>>> print(open('start_15.txt').read())   # compact mmCIF, C-alpha atoms
# COMPACT_ATOMS: atom_id res chain seq x y z
CA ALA A 1 148.39 141.37 31.92
CA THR A 2 148.18 141.12 28.12
CA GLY A 3 147.55 137.53 27.15
CA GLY A 4 145.81 136.79 30.44
CA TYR A 5 149.07 136.20 32.29
CA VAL A 6 149.08 136.87 36.04
CA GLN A 7 152.02 139.19 36.68
CA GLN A 8 152.08 140.87 40.07
CA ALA A 9 154.96 142.60 41.81
CA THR A 10 154.40 140.88 45.15
CA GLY A 11 152.70 137.77 46.42
CA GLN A 12 153.04 134.31 47.85
CA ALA A 13 155.10 131.62 46.14
CA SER A 14 156.53 128.16 46.40
CA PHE A 15 160.21 127.51 45.75
CA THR A 16 162.33 124.62 44.51
CA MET A 17 165.80 124.32 42.95
CA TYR A 18 166.91 123.04 39.57
CA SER A 19 170.08 122.33 37.69
CA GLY A 20 171.24 123.43 34.27
CA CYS A 21 170.17 127.00 33.60
CA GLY A 22 172.72 127.89 30.93
CA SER A 23 170.27 127.81 28.02
CA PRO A 24 167.12 129.33 29.49
CA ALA A 25 163.82 130.39 27.94
CA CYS A 26 164.56 134.12 27.90
CA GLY A 27 167.49 133.40 25.55
CA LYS A 28 170.24 134.79 27.77
CA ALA A 29 171.69 133.35 30.93
CA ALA A 30 173.29 135.38 33.71
CA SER A 31 176.13 134.93 36.15
CA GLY A 32 174.26 136.00 39.26
CA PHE A 33 171.45 134.25 41.07
CA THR A 34 168.69 133.31 38.64
CA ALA A 35 165.33 131.63 38.63
CA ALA A 36 162.64 130.19 36.46
CA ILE A 37 159.07 131.41 37.13
CA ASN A 38 155.86 129.52 36.48
CA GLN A 39 154.34 129.87 33.02
CA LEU A 40 151.27 131.85 34.07
CA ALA A 41 153.63 134.59 35.35
CA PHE A 42 156.44 134.14 32.79
CA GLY A 43 154.36 135.50 29.92
CA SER A 44 155.17 132.97 27.21
CA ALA A 45 154.91 129.27 26.39
CA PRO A 46 157.61 126.74 25.53
CA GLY A 47 159.03 127.55 22.09
CA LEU A 48 157.58 131.09 21.87
CA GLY A 49 160.59 132.89 23.36
CA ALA A 50 160.87 135.52 26.05
CA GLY A 51 157.94 136.69 28.15
CA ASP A 52 157.60 139.83 30.22
CA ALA A 53 159.08 138.26 33.38
CA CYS A 54 162.44 138.09 31.60
CA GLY A 55 165.17 140.07 33.31
CA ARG A 56 163.08 141.27 36.25
CA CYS A 57 164.54 141.02 39.74
CA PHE A 58 162.76 139.66 42.80
CA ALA A 59 163.58 139.28 46.48
CA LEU A 60 162.55 135.84 47.71
CA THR A 61 161.85 134.82 51.31
CA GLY A 62 161.07 131.30 52.51
CA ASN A 63 159.12 130.76 55.73
CA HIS A 64 157.63 127.22 55.65
CA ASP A 65 158.55 123.72 54.48
CA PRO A 66 155.29 121.99 53.46
CA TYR A 67 157.02 118.58 53.47
CA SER A 68 158.23 119.08 57.03
CA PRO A 69 155.36 120.87 58.78
CA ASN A 70 156.90 120.55 62.28
CA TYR A 71 160.07 122.39 61.20
CA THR A 72 160.07 125.94 62.58
CA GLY A 73 163.44 127.13 61.27
CA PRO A 74 165.84 128.41 60.69
CA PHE A 75 165.21 129.13 57.03
CA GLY A 76 167.67 130.57 54.53
CA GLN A 77 168.56 134.09 53.56
CA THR A 78 166.42 136.39 51.51
CA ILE A 79 168.03 136.44 48.06
CA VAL A 80 167.54 138.55 44.97
CA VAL A 81 167.18 136.63 41.72
CA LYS A 82 166.91 137.67 38.09
CA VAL A 83 164.31 135.70 36.13
CA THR A 84 165.87 134.09 33.09
CA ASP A 85 163.75 130.98 32.59
CA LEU A 86 160.33 129.34 32.37
CA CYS A 87 158.87 126.67 34.65
CA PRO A 88 156.25 125.19 32.31
CA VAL A 89 152.81 123.86 33.13
CA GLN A 90 153.30 120.56 31.26
CA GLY A 91 156.63 119.49 32.72
CA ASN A 92 155.89 120.48 36.30
CA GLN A 93 152.29 120.17 37.39
CA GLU A 94 152.82 120.12 41.17
CA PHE A 95 154.62 123.45 41.32
CA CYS A 96 154.12 125.31 38.02
CA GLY A 97 150.67 124.15 36.94
CA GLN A 98 148.83 127.41 37.62
CA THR A 99 146.38 128.31 34.84
CA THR A 100 143.76 131.02 34.36
CA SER A 101 141.00 128.59 35.42
CA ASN A 102 143.00 127.18 38.37
CA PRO A 103 145.52 129.80 39.41
CA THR A 104 147.15 127.98 42.33
CA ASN A 105 149.46 124.99 42.43
CA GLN A 106 149.19 121.85 44.60
CA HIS A 107 150.59 123.81 47.57
CA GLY A 108 148.04 126.58 47.23
CA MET A 109 150.52 129.08 45.79
CA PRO A 110 149.75 131.37 42.83
CA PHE A 111 153.43 131.70 41.83
CA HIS A 112 156.49 129.47 41.82
CA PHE A 113 160.20 130.23 41.53
CA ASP A 114 162.63 127.45 40.59
CA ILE A 115 166.01 128.71 41.78
CA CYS A 116 169.01 127.70 39.68
CA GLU A 117 171.60 125.75 41.64
CA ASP A 118 174.47 126.27 39.21
CA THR A 119 175.31 129.88 40.14
CA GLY A 120 174.83 129.57 43.89
CA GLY A 121 171.37 130.95 44.66
CA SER A 122 169.91 127.75 46.04
CA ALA A 123 172.74 127.27 48.57
CA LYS A 124 171.90 130.67 50.13
CA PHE A 125 168.14 130.08 50.18
CA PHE A 126 167.44 126.45 51.14
CA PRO A 127 168.63 125.11 54.47
CA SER A 128 170.26 121.69 54.00
CA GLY A 129 167.66 118.93 53.90
CA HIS A 130 164.80 121.20 52.79
CA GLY A 131 164.41 121.38 49.03
CA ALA A 132 160.91 122.88 48.77
CA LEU A 133 159.63 125.90 50.64
CA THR A 134 156.77 128.38 50.53
CA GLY A 135 156.99 132.07 51.32
CA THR A 136 156.84 135.45 49.61
CA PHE A 137 158.36 137.48 46.83
CA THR A 138 158.60 141.14 45.99
CA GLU A 139 159.89 142.75 42.82
CA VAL A 140 162.86 145.04 43.42
CA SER A 141 165.19 147.15 41.33
CA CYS A 142 167.92 145.12 39.70
CA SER A 143 170.30 147.49 41.47
CA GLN A 144 169.85 144.90 44.26
CA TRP A 145 171.08 142.02 42.08
CA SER A 146 174.73 141.13 41.56
CA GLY A 147 176.10 139.69 38.31
CA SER A 148 176.26 140.14 34.57
CA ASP A 149 174.13 138.95 31.69
CA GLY A 150 175.36 136.42 29.16
CA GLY A 151 175.18 136.76 25.42
CA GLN A 152 172.16 136.08 23.26
CA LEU A 153 171.65 132.43 22.35
CA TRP A 154 169.19 133.25 19.56
CA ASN A 155 167.51 136.16 17.81
CA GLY A 156 164.77 137.63 19.98
CA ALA A 157 166.44 136.84 23.30
CA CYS A 158 165.49 139.40 25.92
CA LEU A 159 166.35 140.40 29.48
CA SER A 160 165.07 143.99 29.11
CA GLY A 161 162.92 143.61 32.22
CA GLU A 162 166.15 144.32 34.12
CA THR A 163 165.73 148.06 33.51
CA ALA A 164 161.91 148.25 33.68
CA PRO A 165 159.77 149.71 36.40
CA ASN A 166 157.96 147.12 38.47
CA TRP A 167 154.81 145.47 37.19
CA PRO A 168 152.45 146.68 35.93
CA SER A 169 154.65 147.67 33.00
CA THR A 170 155.97 146.14 29.78
CA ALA A 171 159.54 145.36 28.80
CA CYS A 172 160.14 142.18 26.72
CA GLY A 173 156.37 141.72 26.38
CA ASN A 174 154.14 138.67 26.64
CA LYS A 175 153.69 136.14 23.86
CA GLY A 176 150.53 134.22 23.11
CA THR A 177 147.83 133.45 25.60
CA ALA A 178 148.15 132.18 29.13
CA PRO A 179 147.33 128.53 29.72
CA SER A 180 143.64 128.01 30.47
>>> encode(input="start_15.txt", output="structure tokens")
Amino acid sequence: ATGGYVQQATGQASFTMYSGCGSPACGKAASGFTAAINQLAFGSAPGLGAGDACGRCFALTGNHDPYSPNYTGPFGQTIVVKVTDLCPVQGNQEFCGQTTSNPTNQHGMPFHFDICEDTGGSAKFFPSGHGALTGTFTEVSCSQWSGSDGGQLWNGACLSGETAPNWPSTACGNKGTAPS
């Protein structure tokens, strides 16, 4: 996509959970299930504001725990998240370090979703005792997502991806250039 970001409507991903998603990089939180996506897919860099992932909805499915290779299941439910946040390259190399020159993370995955614990999404997705998974994602209509958006935390905040057609398309737009 513009800026060299890698923004695809379906693919393979890793998954983790995080806490504290009330002041996220898109500039608006949301009451439903939300996630951060790795920088290369988010479409912005820390401090540059919203990227084109902002507001888009994705169905996530886990099917392997790389830290427990003998575990065969069960896994969690498929959940639909709205992307509100950025998982940056710098802060999280193992999972979100994909760049244009090395577009997979340490688990071989080209995308990563960090699911916010606060609003309940991680409790539906991760079976107890398994905090990192790999699997798949697919972009869906936000008709499949439940919740409401919060108010803008700053000028330029954007969740307009929530009404956009699936990638390829443009809603909030990408900022800057993807990490090399």
>>> residues_near_point(input="start_15.txt", point="(163.6, 122.8, 52.5)", cutoff="8 Å", atoms="all atoms listed in the file", output="MDAnalysis selection string")
chainID A and resid 65 67:68 75 126:133
>>> residues_near_point(input="start_15.txt", point="(152.3, 143.1, 39.8)", cutoff="8 Å", atoms="all atoms listed in the file", output="PyMOL selection string")
chain A and resi 6-10+166-168
>>> write_last_selection(input="start_15.txt", atoms="C-alpha atoms", output="PDB file, keeping the file's coordinate frame")
ATOM      1  CA  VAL A   6     149.080 136.870  36.040  1.00  0.00           C
ATOM      2  CA  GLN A   7     152.020 139.190  36.680  1.00  0.00           C
ATOM      3  CA  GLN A   8     152.080 140.870  40.070  1.00  0.00           C
ATOM      4  CA  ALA A   9     154.960 142.600  41.810  1.00  0.00           C
ATOM      5  CA  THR A  10     154.400 140.880  45.150  1.00  0.00           C
ATOM      6  CA  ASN A 166     157.960 147.120  38.470  1.00  0.00           C
ATOM      7  CA  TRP A 167     154.810 145.470  37.190  1.00  0.00           C
ATOM      8  CA  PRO A 168     152.450 146.680  35.930  1.00  0.00           C
TER       9      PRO A 168
END
>>> atom_distance(input="start_15.txt", atom1="CA of residue 77 in chain A", atom2="CA of residue 123 in chain A")
9.4 Å
>>> atom_distance(input="start_15.txt", atom1="CA of residue 52 in chain A", atom2="CA of residue 161 in chain A")
6.8 Å
>>> closest_residue(input="start_15.txt", among="A:108, A:22, A:51, A:103", to="residue 159 in chain A", atoms="all atoms listed in the file")
A:51
>>> closest_residue(input="start_15.txt", among="A:96, A:109, A:45, A:157", to="residue 178 in chain A", atoms="all atoms listed in the file")
A:45
>>> atom_distance(input="start_15.txt", atom1="CA of residue 48 in chain A", atom2="CA of residue 93 in chain A")
19.7 Å
>>> residues_around(input="start_15.txt", residues="residue 145 in chain A", least_positions_apart="6", cutoff="12 Å", atoms="only C-alpha atoms", output="list in words")
residues 30, 31, 32, 33, 34, 55, 56, 57, 58, 59, 60, 78, 79, 80, 81, 82, 83, 121, 139, 162 and 163 of chain A
>>> decode(input="start_15.txt", residues="range 24-61 of chain A", atoms="C-alpha atoms", output="mmCIF file, in the first residue's frame")
data_model
loop_
_atom_site.group_PDB
_atom_site.id
_atom_site.type_symbol
_atom_site.label_atom_id
_atom_site.label_comp_id
_atom_site.auth_asym_id
_atom_site.auth_seq_id
_atom_site.Cartn_x
_atom_site.Cartn_y
_atom_site.Cartn_z
ATOM 1 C CA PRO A 24 -4.547 3.961 21.566
ATOM 2 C CA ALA A 25 -2.652 5.097 18.478
ATOM 3 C CA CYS A 26 -5.709 5.658 16.292
ATOM 4 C CA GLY A 27 -6.844 8.342 18.770
ATOM 5 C CA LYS A 28 -10.160 6.742 19.733
ATOM 6 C CA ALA A 29 -10.790 3.700 21.863
ATOM 7 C CA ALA A 30 -13.827 1.451 21.579
ATOM 8 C CA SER A 31 -15.990 -0.555 23.936
ATOM 9 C CA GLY A 32 -15.982 -3.785 21.957
ATOM 10 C CA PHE A 33 -13.144 -6.190 21.338
ATOM 11 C CA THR A 34 -10.101 -4.333 20.040
ATOM 12 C CA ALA A 35 -6.574 -5.027 18.934
ATOM 13 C CA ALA A 36 -3.283 -3.474 18.043
ATOM 14 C CA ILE A 37 -1.722 -4.553 14.723
ATOM 15 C CA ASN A 38 1.959 -4.621 13.847
ATOM 16 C CA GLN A 39 3.445 -1.422 12.446
ATOM 17 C CA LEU A 40 4.055 -2.712 8.924
ATOM 18 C CA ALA A 41 0.281 -3.299 8.613
ATOM 19 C CA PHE A 42 -0.917 -0.406 10.806
ATOM 20 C CA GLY A 43 0.163 2.239 8.305
ATOM 21 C CA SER A 44 1.833 4.753 10.613
ATOM 22 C CA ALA A 45 4.696 5.107 13.089
ATOM 23 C CA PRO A 46 4.676 6.092 16.753
ATOM 24 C CA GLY A 47 3.768 9.784 17.055
ATOM 25 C CA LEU A 48 2.421 10.156 13.486
ATOM 26 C CA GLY A 49 -1.212 9.363 14.316
ATOM 27 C CA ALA A 50 -3.715 7.053 12.686
ATOM 28 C CA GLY A 51 -2.841 4.663 9.869
ATOM 29 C CA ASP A 52 -5.137 2.924 7.430
ATOM 30 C CA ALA A 53 -5.704 -0.119 9.668
ATOM 31 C CA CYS A 54 -7.630 2.130 12.067
ATOM 32 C CA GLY A 55 -11.229 1.093 12.570
ATOM 33 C CA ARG A 56 -11.121 -1.982 10.340
ATOM 34 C CA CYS A 57 -12.641 -5.209 11.630
ATOM 35 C CA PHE A 58 -11.026 -8.643 11.469
ATOM 36 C CA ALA A 59 -12.043 -12.164 12.411
ATOM 37 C CA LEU A 60 -9.195 -13.909 14.226
ATOM 38 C CA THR A 61 -8.689 -17.667 14.580
#
